[PDB]
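Written below as structure tokens is the structure these notes are about.
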Amino acid sequence: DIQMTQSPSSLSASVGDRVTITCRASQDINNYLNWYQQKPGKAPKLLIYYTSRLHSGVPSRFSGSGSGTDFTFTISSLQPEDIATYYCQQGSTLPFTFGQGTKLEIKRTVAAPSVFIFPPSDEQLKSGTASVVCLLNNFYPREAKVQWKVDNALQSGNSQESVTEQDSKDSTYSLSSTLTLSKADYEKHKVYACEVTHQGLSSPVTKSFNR
Amino acid sequence: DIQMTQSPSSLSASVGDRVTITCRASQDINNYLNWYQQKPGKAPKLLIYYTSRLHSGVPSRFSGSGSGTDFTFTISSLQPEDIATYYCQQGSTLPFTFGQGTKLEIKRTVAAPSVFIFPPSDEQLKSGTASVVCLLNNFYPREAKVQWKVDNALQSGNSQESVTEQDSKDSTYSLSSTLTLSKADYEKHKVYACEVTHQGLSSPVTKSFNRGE
Amino acid sequence: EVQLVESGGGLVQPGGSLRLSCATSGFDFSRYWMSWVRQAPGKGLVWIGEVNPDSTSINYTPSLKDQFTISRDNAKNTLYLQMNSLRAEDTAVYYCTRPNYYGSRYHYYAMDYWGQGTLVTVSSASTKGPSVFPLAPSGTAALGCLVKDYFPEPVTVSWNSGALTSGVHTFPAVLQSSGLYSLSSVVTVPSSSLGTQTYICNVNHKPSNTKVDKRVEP
Amino acid sequence: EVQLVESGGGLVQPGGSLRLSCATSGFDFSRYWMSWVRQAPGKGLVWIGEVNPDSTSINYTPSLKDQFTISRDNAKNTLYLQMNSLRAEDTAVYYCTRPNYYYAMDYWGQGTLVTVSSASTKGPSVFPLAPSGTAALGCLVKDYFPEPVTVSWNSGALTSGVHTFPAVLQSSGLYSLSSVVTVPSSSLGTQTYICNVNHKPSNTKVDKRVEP
Ligand code: NA
């Protein structure tokens with residue numbers, strides 16, 4: 001099994017930047033090397049075959065070069081839609097093998113999140129559980145801090161977060177924080193709040209509701 | 001002022017990889033381009049001056065190239081000690097200007113943390129506060145979950161995490177989770193424990209103490 | 001155009017078997033080699049094997065030739081994957097691909113067409129359908145749906161039967177301490193549209209044959 | 001070898017002024033051009049300006065000429081930075097550098113952090129983090145403002161195994177950090193462990209013995 005090694009394994013670059021990713025094969029594979037693009041939540045798509053040949057419909061900003069053991073994939077002018085994981089693949093000997101992938105993120109201007117709080121539904125409270133949801137919408141960079149305050153008392157360990165992958169149109173992230181409480185623990189308190197800390201916010205933003 | 005643009009802004013690579021960083025000047029600067037390395041928590045350090053010339057004591061794996069507006073910095077084979085932020089700097093016209101930097105991070109194999117728990121000191125308790133500390137030492141990747149448990153039941157109190165930068169020798173991280181309580185609240189429970197879930201741990205690790213033991 | 005649609009994915013117990021299918025349209029299936037590729041969650045791409053038009057050449061990745069079996073039915077324009085003695089490490093999205101870009105004297109190709117994949121979960125846990133709760137709204141308003149306590153993945157969420165697509169964010173599912181999944185699907189809309197426009201999230205969970213259409217109201 | 005040591009950093013109210021010093025050793029200071037560079041927390045490097053040996057040439061970045069005045073004292077081998085009517089955007093680590101080659105900065109000091117804020121200076125409280133093959137121990141450096149604190153172990157003799165965590169801004173607006181070291185467990189009864197904490201902004205120096 002020929003081992004395919006990609007470098008960098010991850011990178012952040014800006015719109016308009018020339019981006020170069022390398023692929024190294026454990027042995028000479030001549031020109032039997034393909035490049036694939038996997039956009040978030042989608043299946044891979046062929047970009048280049050035979051080292052340098054663009055597949056039908058692929059933009060001319062993409063190109064490939066190299067021979068034998070050392071290969072290069074280039075994006076001449078990076079666009080927001082280029083956010084994806086890039087894979088090289090040898091088609092020389094069986095089994096055909098892929099590189100580990102190069103995750104490409106887009107660096108853009110700081111964008112503060114729009115914060116929204118959601119109380120648990122009446123329907124869910126009939127089951128004997130309460131889920132409080134805090135939404136941070138369309139922000140950049142990915143780093144954000146959500147602190148739950150229950151009657152101005154900081155919480156820990158009773159919440160889970162989920163972040164979307166970078167948006168292919170505006171290069172932003174969205175984040176969900178869910179505080180899970182038993183109906184007994186929820187009926188005990190009045191003020192539920194999520195305090196948000198981000199680069200885009202000069203002062204921490206708090207979204208609250210009274211039970 | 002001449003605007004210096006670095007690409008990428010961030011990258012992750014493995015030990016032994018050839019790493020290349022670009023620098024672009026808004027106007028011709030001839031060969032008056034310098035490269036600095038800034039290690040975590042340290043001052044910048046000159047590596048390359050006059051586009052391609054190595055400064056005294058700089059390892060051979062560092063090189064530079066280009067002219068006019070486009071310039072290249074290369075690490076022929078990446079080492080753990082290369083974890084740092086790299087800056088280009090033009091010395092052609094006043095004011096002297098720097099690129100925004102390229103943060104270079106290292107991808108390595110999984111390392112489970114070593115877990116330690118520390119009760120509050122008798123000196124601290126005398127002042128009305130109790131800080132309980134949980135240490136996760138030398139782990140990889142960065143992703144970890146620490147959960148505080150008091151009397152085997154989950155604790156929803158004031159806990160803050162702090163993470164170090166990648167270590168220059170083994171590329172790992174260390175994490176501290178601190179639980180802050182008033183002396184009065186600290187005395188409402190007997191067993192204090194932190195539970196750790198990491199990729200390198202098959203099942204979660206719990207470190208604990210008994211208040212007064 | 002060339003179309004590839006995989007089915008048979010879902011929950012299987014460790015040591016268990018499963019058969020995947022890949023229905024095709026837009027090409028003379030009989031004249032082409034076909035391949036299978038897998039991707040473990042958040043991991044890389046793994047080539048499983050290929051089968052030629054005749055079924056006289058069936059090649060596999062050696063570490064997987066013992067438990068996977070590739071076959072095709074040319075009259076039905078369908079490719080098969082028989083999976084046996086499944087381990088937790090076989091949990092992945094399974095893709096059927098259509099190799100081409102030959103014109104070579106040697107056995108070389110690029111996979112120019114891929115299907116959208118089918119997720120196969122290897123777990124000893126039981127199937128459970130989700131409970132769908134509204135995330136009631138309070139310039140721009142946010143509203144959503146809370147899809148809680150289901151097993152295994154995936155769930156599909158659409159809004160107004162596919163009519164509403166912009167400003168939609170369907171968060172990755174998080175595994176809760178109960179061993180069950182949970183996610184949210186949100187959409188940002190004008191505050192003027194609230195008391196006039198109807199907002200319904202369509203939740204589907206195929207492993208448990210669950211179909212919920214939840215109206216979200218302020 | 002060439003040594004560049006900055007001092008004078010700390011808390012500055014908005015609109016306030018401060019004088020930084022860079023004492024030097026290991027070179028004839030009077031024969032060199034000297035510079036200042038600053039770095040805002042988690043940001044890039046910004047060139048402030050330069051002074052020639054006899055002070056007949058003092059060049060600045062045009063956007064910062066109202067906030068800074070560079071001077072030098074050849075008799076005391078010291079470089080100065082007069083900071084005038086500082087704004088919150090002036091919060092940064094200030095480095096004195098020594099230019100060389102003919103336009104590169106070959107020597108840099110460790111820097112001095114200047115915090116522009118309306119708050120007040122508070123020295124930390126220092127507490128032991130005690131144990132009970134490998135053992136861990138440390139020091140909890142609590143409730144101080146502004147940053148930074150520096151921590152050393154056994155006056156700098158103990159460096160291996162040391163992890164000084166980045167400070168966290170607590171709910172009170174005061175900082176807190178921990179410094180830890182992993183040692184052989186068989187040495188807990190054998191060696192004494194002392195952490196040396198220095199909070200220059202309040203001129204606080206604390207040495208805590210950490211024992212199990
Ligand atoms: Na200015």
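Letters for chains follow the order of the structure tokens (A, B, ...), residue numbers begin at 1 for each chain, and ligand numbers begin at 1 in the order shown.
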Please find the residues of chain A near chain C - the criterion being any atom within 8 Å, counting only C-alpha atoms - and write them as number ranges by chain.
A: 32, 34, 42-46, 49, 55, 91-92, 94-101, 116, 118-121, 123-124, 160-164, 174-176
Would you mind listing the residues within 8 Å of ligand 1, counting only C-alpha atoms and all ligand atoms, as a PyMOL selection string?
chain D and resi 62-67
May I have the selected residues written with N, CA and C atoms, as a PDB file, in the first residue's frame?
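Writing done, so here's part.pdb:
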ATOM      1  N   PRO D  62       4.506  57.469  11.120  1.00  0.00           N
ATOM      2  CA  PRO D  62       3.683  58.702  11.152  1.00  0.00           C
ATOM      3  C   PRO D  62       2.431  58.652  12.050  1.00  0.00           C
ATOM      4  N   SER D  63       1.661  57.549  12.064  1.00  0.00           N
ATOM      5  CA  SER D  63       0.453  57.461  12.898  1.00  0.00           C
ATOM      6  C   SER D  63       0.675  57.473  14.430  1.00  0.00           C
ATOM      7  N   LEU D  64       1.937  57.301  14.919  1.00  0.00           N
ATOM      8  CA  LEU D  64       2.172  57.255  16.363  1.00  0.00           C
ATOM      9  C   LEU D  64       3.067  58.371  16.919  1.00  0.00           C
ATOM     10  N   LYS D  65       3.396  59.383  16.092  1.00  0.00           N
ATOM     11  CA  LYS D  65       4.265  60.522  16.430  1.00  0.00           C
ATOM     12  C   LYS D  65       3.756  61.436  17.600  1.00  0.00           C
ATOM     13  N   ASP D  66       2.433  61.478  17.871  1.00  0.00           N
ATOM     14  CA  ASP D  66       1.858  62.278  18.969  1.00  0.00           C
ATOM     15  C   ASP D  66       1.955  61.549  20.324  1.00  0.00           C
ATOM     16  N   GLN D  67       1.922  60.207  20.308  1.00  0.00           N
ATOM     17  CA  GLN D  67       1.934  59.313  21.475  1.00  0.00           C
ATOM     18  C   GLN D  67       3.326  58.984  21.999  1.00  0.00           C
TER      19      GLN D  67
END
CA of residue 83 (chain C) to CA of residue 23 (chain C), straight-line distance in Å
17.5 Å
To one decimal place in Å, what is the distance between CA of residue 78 (chain D) and CA of residue 35 (chain D)?
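Going from CA of residue 78 (chain D) over to CA of residue 35 (chain D) covers 11.8 Å.
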I want to know what sits within 9 Å of residue 29 (chain B), based on only C-alpha atoms, with residues of the same chain fewer than 3 positions away left out; could you give that as a PDB file with N, CA, C and O atoms, in the first residue's frame?
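Written file, selection_6.pdb:
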ATOM      1  N   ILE B   2       4.428  50.887   3.356  1.00  0.00           N
ATOM      2  CA  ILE B   2       4.395  49.672   2.554  1.00  0.00           C
ATOM      3  C   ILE B   2       3.614  48.605   3.323  1.00  0.00           C
ATOM      4  O   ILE B   2       3.986  48.280   4.447  1.00  0.00           O
ATOM      5  N   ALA B  25       4.840  42.291  -0.669  1.00  0.00           N
ATOM      6  CA  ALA B  25       5.032  43.712  -0.424  1.00  0.00           C
ATOM      7  C   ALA B  25       4.184  44.524  -1.424  1.00  0.00           C
ATOM      8  O   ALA B  25       4.193  44.210  -2.608  1.00  0.00           O
ATOM      9  N   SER B  26       3.455  45.568  -0.957  1.00  0.00           N
ATOM     10  CA  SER B  26       2.607  46.433  -1.819  1.00  0.00           C
ATOM     11  C   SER B  26       3.387  47.183  -2.926  1.00  0.00           C
ATOM     12  O   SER B  26       2.785  47.659  -3.891  1.00  0.00           O
ATOM     13  N   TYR B  32      15.492  44.070   0.561  1.00  0.00           N
ATOM     14  CA  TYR B  32      15.440  44.509   1.957  1.00  0.00           C
ATOM     15  C   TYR B  32      14.244  43.895   2.728  1.00  0.00           C
ATOM     16  O   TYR B  32      13.311  44.598   3.152  1.00  0.00           O
ATOM     17  N   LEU B  33      14.305  42.562   2.916  1.00  0.00           N
ATOM     18  CA  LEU B  33      13.258  41.769   3.568  1.00  0.00           C
ATOM     19  C   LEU B  33      13.879  40.826   4.594  1.00  0.00           C
ATOM     20  O   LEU B  33      14.812  40.074   4.296  1.00  0.00           O
ATOM     21  N   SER B  67      12.424  38.383  -4.739  1.00  0.00           N
ATOM     22  CA  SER B  67      12.879  39.755  -5.033  1.00  0.00           C
ATOM     23  C   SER B  67      11.679  40.623  -5.420  1.00  0.00           C
ATOM     24  O   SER B  67      10.642  40.090  -5.841  1.00  0.00           O
ATOM     25  N   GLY B  68      11.826  41.937  -5.262  1.00  0.00           N
ATOM     26  CA  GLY B  68      10.800  42.896  -5.639  1.00  0.00           C
ATOM     27  C   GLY B  68       9.603  42.919  -4.725  1.00  0.00           C
ATOM     28  O   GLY B  68       9.625  43.628  -3.715  1.00  0.00           O
ATOM     29  N   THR B  69       8.527  42.187  -5.094  1.00  0.00           N
ATOM     30  CA  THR B  69       7.309  42.173  -4.276  1.00  0.00           C
ATOM     31  C   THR B  69       6.978  40.810  -3.663  1.00  0.00           C
ATOM     32  O   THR B  69       6.165  40.767  -2.745  1.00  0.00           O
ATOM     33  N   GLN B  90       9.866  44.608   6.060  1.00  0.00           N
ATOM     34  CA  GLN B  90      10.561  45.323   5.011  1.00  0.00           C
ATOM     35  C   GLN B  90      11.453  46.420   5.619  1.00  0.00           C
ATOM     36  O   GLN B  90      11.066  47.088   6.581  1.00  0.00           O
ATOM     37  N   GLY B  91      12.655  46.548   5.084  1.00  0.00           N
ATOM     38  CA  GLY B  91      13.620  47.550   5.522  1.00  0.00           C
ATOM     39  C   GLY B  91      14.063  48.459   4.395  1.00  0.00           C
ATOM     40  O   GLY B  91      15.176  48.989   4.431  1.00  0.00           O
ATOM     41  N   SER B  92      13.188  48.645   3.384  1.00  0.00           N
ATOM     42  CA  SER B  92      13.442  49.470   2.194  1.00  0.00           C
ATOM     43  C   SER B  92      13.172  50.956   2.450  1.00  0.00           C
ATOM     44  O   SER B  92      14.063  51.775   2.258  1.00  0.00           O
ATOM     45  N   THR B  93      11.945  51.310   2.857  1.00  0.00           N
ATOM     46  CA  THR B  93      11.577  52.700   3.127  1.00  0.00           C
ATOM     47  C   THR B  93      10.964  52.850   4.512  1.00  0.00           C
ATOM     48  O   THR B  93      10.331  51.923   5.006  1.00  0.00           O
TER      49      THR B  93
END
List every residue of chain A that has an atom at most 7 Å from any atom of chain B, and for each one report the closest atom pair and its distance in Å to one decimal, counting only C-alpha atoms, with rows sorted by chain and then by increasing residue number, as a tab-separated table.
residue	atom	partner	partner_atom	distance
A:7	CA	B:13	CA	6.0
A:8	CA	B:13	CA	4.8
A:9	CA	B:12	CA	5.7
A:10	CA	B:12	CA	5.0
A:11	CA	B:11	CA	4.2
A:12	CA	B:10	CA	5.0
A:13	CA	B:8	CA	4.7
A:17	CA	B:7	CA	7.0
A:154	CA	B:158	CA	5.3
A:155	CA	B:156	CA	4.8
A:156	CA	B:156	CA	4.5
A:157	CA	B:147	CA	5.7
A:158	CA	B:156	CA	6.4
Residues just named, written with N, CA and C atoms as a PDB file, in the first residue's frame:
ATOM      1  N   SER A   7       0.716  17.961   3.088  1.00  0.00           N
ATOM      2  CA  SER A   7       1.241  19.054   3.887  1.00  0.00           C
ATOM      3  C   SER A   7       0.836  20.399   3.264  1.00  0.00           C
ATOM      4  N   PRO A   8       0.295  21.376   4.036  1.00  0.00           N
ATOM      5  CA  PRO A   8      -0.064  21.321   5.466  1.00  0.00           C
ATOM      6  C   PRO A   8      -1.295  20.426   5.668  1.00  0.00           C
ATOM      7  N   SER A   9      -1.558  19.996   6.906  1.00  0.00           N
ATOM      8  CA  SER A   9      -2.750  19.187   7.113  1.00  0.00           C
ATOM      9  C   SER A   9      -3.947  20.121   7.301  1.00  0.00           C
ATOM     10  N   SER A  10      -3.657  21.372   7.658  1.00  0.00           N
ATOM     11  CA  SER A  10      -4.654  22.420   7.890  1.00  0.00           C
ATOM     12  C   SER A  10      -4.061  23.799   7.555  1.00  0.00           C
ATOM     13  N   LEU A  11      -4.875  24.725   7.023  1.00  0.00           N
ATOM     14  CA  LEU A  11      -4.393  26.090   6.799  1.00  0.00           C
ATOM     15  C   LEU A  11      -5.530  27.122   6.721  1.00  0.00           C
ATOM     16  N   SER A  12      -5.208  28.374   7.095  1.00  0.00           N
ATOM     17  CA  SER A  12      -6.081  29.549   7.004  1.00  0.00           C
ATOM     18  C   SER A  12      -5.418  30.547   6.067  1.00  0.00           C
ATOM     19  N   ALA A  13      -6.142  30.970   5.043  1.00  0.00           N
ATOM     20  CA  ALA A  13      -5.666  31.937   4.068  1.00  0.00           C
ATOM     21  C   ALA A  13      -6.822  32.881   3.751  1.00  0.00           C
ATOM     22  N   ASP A  17      -5.611  35.201  -1.991  1.00  0.00           N
ATOM     23  CA  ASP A  17      -4.306  34.569  -1.765  1.00  0.00           C
ATOM     24  C   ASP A  17      -4.075  33.378  -2.714  1.00  0.00           C
ATOM     25  N   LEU A 154     -22.895  31.545  37.747  1.00  0.00           N
ATOM     26  CA  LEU A 154     -22.200  30.873  36.638  1.00  0.00           C
ATOM     27  C   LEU A 154     -22.387  29.351  36.722  1.00  0.00           C
ATOM     28  N   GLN A 155     -22.602  28.713  35.571  1.00  0.00           N
ATOM     29  CA  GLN A 155     -22.844  27.284  35.430  1.00  0.00           C
ATOM     30  C   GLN A 155     -21.670  26.598  34.769  1.00  0.00           C
ATOM     31  N   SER A 156     -21.537  25.297  35.010  1.00  0.00           N
ATOM     32  CA  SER A 156     -20.499  24.464  34.395  1.00  0.00           C
ATOM     33  C   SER A 156     -20.918  23.014  34.336  1.00  0.00           C
ATOM     34  N   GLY A 157     -20.501  22.354  33.259  1.00  0.00           N
ATOM     35  CA  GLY A 157     -20.721  20.932  33.013  1.00  0.00           C
ATOM     36  C   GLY A 157     -22.110  20.481  32.598  1.00  0.00           C
ATOM     37  N   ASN A 158     -23.131  21.360  32.701  1.00  0.00           N
ATOM     38  CA  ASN A 158     -24.529  21.042  32.363  1.00  0.00           C
ATOM     39  C   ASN A 158     -24.964  21.602  30.979  1.00  0.00           C
TER      40      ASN A 158
END
Considering only helix (DSSP H, G or I) as DSSP defines it on the backbone, what residues of region 66-198 of chain D qualify? List them as a VMD selection string.
chain D and resid 88 to 90 154 to 156 185 to 187
Do you know which residues are at most 6 Å from region 138-146 of chain D counting only C-alpha atoms, after dropping those on the same chain fewer than 2 positions away, and could you put them as a ChimeraX atom specification?
/D:121-129,174-180
Create the file for the chosen residues now, containing C-alpha atoms and written as a compact mmCIF listing (two decimals), in the first residue's frame.
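Result written to result.txt:
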# COMPACT_ATOMS: atom_id res chain seq x y z
CA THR D 121 -3.45 48.20 40.57
CA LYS D 122 -3.85 45.12 42.82
CA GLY D 123 -1.07 42.80 43.93
CA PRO D 124 -1.79 39.05 43.98
CA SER D 125 -2.44 36.60 46.80
CA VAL D 126 -0.17 33.50 46.39
CA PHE D 127 -1.32 30.01 47.48
CA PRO D 128 0.34 26.56 47.41
CA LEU D 129 -1.06 23.70 45.20
CA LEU D 174 -9.12 40.65 38.44
CA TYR D 175 -6.69 38.10 36.96
CA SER D 176 -5.78 34.65 38.18
CA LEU D 177 -3.21 32.08 37.02
CA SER D 178 -1.51 28.88 38.11
CA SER D 179 2.06 27.67 37.66
CA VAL D 180 2.73 23.94 38.00
With a distance threshold of 10 Å and counting only C-alpha atoms, extract the residues of chain D near chain B and express them as a PDB file with C-alpha atoms, in the first residue's frame.
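Contents of out.pdb, as written:
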ATOM      1  CA  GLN D  39       2.910  44.143  20.013  1.00  0.00           C
ATOM      2  CA  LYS D  43      -1.644  40.668  17.485  1.00  0.00           C
ATOM      3  CA  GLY D  44       1.238  41.560  15.131  1.00  0.00           C
ATOM      4  CA  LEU D  45       4.423  43.608  15.545  1.00  0.00           C
ATOM      5  CA  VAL D  46       4.323  47.404  14.971  1.00  0.00           C
ATOM      6  CA  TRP D  47       7.531  49.498  14.481  1.00  0.00           C
ATOM      7  CA  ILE D  48       7.420  52.653  16.671  1.00  0.00           C
ATOM      8  CA  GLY D  49      10.654  54.410  15.682  1.00  0.00           C
ATOM      9  CA  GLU D  50      14.412  54.822  15.873  1.00  0.00           C
ATOM     10  CA  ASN D  59      12.275  58.701  13.014  1.00  0.00           C
ATOM     11  CA  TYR D  60       8.779  57.499  13.903  1.00  0.00           C
ATOM     12  CA  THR D  61       5.878  55.665  12.262  1.00  0.00           C
ATOM     13  CA  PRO D  62       3.683  58.702  11.152  1.00  0.00           C
ATOM     14  CA  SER D  63       0.453  57.461  12.898  1.00  0.00           C
ATOM     15  CA  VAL D  93       4.216  44.789  24.971  1.00  0.00           C
ATOM     16  CA  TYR D  95      10.317  45.981  23.020  1.00  0.00           C
ATOM     17  CA  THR D  97      15.598  46.524  19.709  1.00  0.00           C
ATOM     18  CA  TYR D 101      23.409  45.431   8.854  1.00  0.00           C
ATOM     19  CA  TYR D 102      23.464  48.032   5.973  1.00  0.00           C
ATOM     20  CA  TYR D 103      18.187  47.391   8.117  1.00  0.00           C
ATOM     21  CA  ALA D 104      17.435  44.368  10.454  1.00  0.00           C
ATOM     22  CA  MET D 105      16.737  44.149  14.220  1.00  0.00           C
ATOM     23  CA  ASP D 106      19.274  41.524  15.425  1.00  0.00           C
ATOM     24  CA  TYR D 107      18.674  41.948  19.206  1.00  0.00           C
ATOM     25  CA  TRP D 108      15.393  42.316  21.134  1.00  0.00           C
ATOM     26  CA  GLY D 109      14.671  42.652  24.876  1.00  0.00           C
ATOM     27  CA  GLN D 110      11.960  40.538  26.590  1.00  0.00           C
ATOM     28  CA  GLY D 111       9.488  43.459  26.435  1.00  0.00           C
ATOM     29  CA  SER D 125      -2.439  36.596  46.802  1.00  0.00           C
ATOM     30  CA  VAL D 126      -0.166  33.502  46.386  1.00  0.00           C
ATOM     31  CA  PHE D 127      -1.318  30.010  47.476  1.00  0.00           C
ATOM     32  CA  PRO D 128       0.344  26.557  47.413  1.00  0.00           C
ATOM     33  CA  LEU D 129      -1.065  23.704  45.197  1.00  0.00           C
ATOM     34  CA  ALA D 130       0.109  20.616  47.151  1.00  0.00           C
ATOM     35  CA  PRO D 131       0.316  16.860  46.310  1.00  0.00           C
ATOM     36  CA  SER D 132      -0.738  13.735  48.377  1.00  0.00           C
ATOM     37  CA  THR D 134       5.392  11.439  38.944  1.00  0.00           C
ATOM     38  CA  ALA D 135       4.018  14.063  41.335  1.00  0.00           C
ATOM     39  CA  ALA D 136       2.601  17.509  40.535  1.00  0.00           C
ATOM     40  CA  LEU D 137       2.688  20.662  42.657  1.00  0.00           C
ATOM     41  CA  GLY D 138       2.249  24.356  42.009  1.00  0.00           C
ATOM     42  CA  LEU D 140      -2.073  29.642  42.536  1.00  0.00           C
ATOM     43  CA  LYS D 142      -4.924  35.005  42.553  1.00  0.00           C
ATOM     44  CA  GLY D 161       8.446  20.226  33.893  1.00  0.00           C
ATOM     45  CA  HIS D 163       3.908  25.039  32.985  1.00  0.00           C
ATOM     46  CA  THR D 164       2.830  28.630  33.807  1.00  0.00           C
ATOM     47  CA  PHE D 165      -0.712  28.960  32.486  1.00  0.00           C
ATOM     48  CA  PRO D 166      -2.046  32.080  30.700  1.00  0.00           C
ATOM     49  CA  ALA D 167      -4.017  34.326  33.079  1.00  0.00           C
ATOM     50  CA  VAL D 168      -7.842  34.277  33.026  1.00  0.00           C
ATOM     51  CA  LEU D 169      -9.982  37.397  33.592  1.00  0.00           C
ATOM     52  CA  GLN D 170     -12.259  36.394  36.523  1.00  0.00           C
ATOM     53  CA  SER D 171     -15.903  37.646  37.051  1.00  0.00           C
ATOM     54  CA  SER D 176      -5.783  34.650  38.185  1.00  0.00           C
ATOM     55  CA  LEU D 177      -3.210  32.084  37.021  1.00  0.00           C
ATOM     56  CA  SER D 178      -1.512  28.882  38.106  1.00  0.00           C
ATOM     57  CA  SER D 179       2.062  27.669  37.661  1.00  0.00           C
ATOM     58  CA  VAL D 180       2.733  23.941  38.005  1.00  0.00           C
ATOM     59  CA  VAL D 181       5.733  21.598  37.878  1.00  0.00           C
ATOM     60  CA  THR D 182       5.886  17.750  37.624  1.00  0.00           C
TER      61      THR D 182
END
Define the interface residues of chain A facing chain D as those within 12 Å, counting only C-alpha atoms, and report them as an NGL selection string.
:A and (147 or 149 or 152-154 or 195 or 197 or 199 or 202 or 204)
DSSP says strand (DSSP E or B) for which residues of region 19-170 of chain D? Put them as a VMD selection string?
chain D and resid 19 to 25 34 to 39 45 to 51 58 to 60 68 to 73 78 to 83 92 to 100 104 to 108 112 to 116 122 125 to 129 134 to 145 150 to 153 158 162 to 164 168 to 169
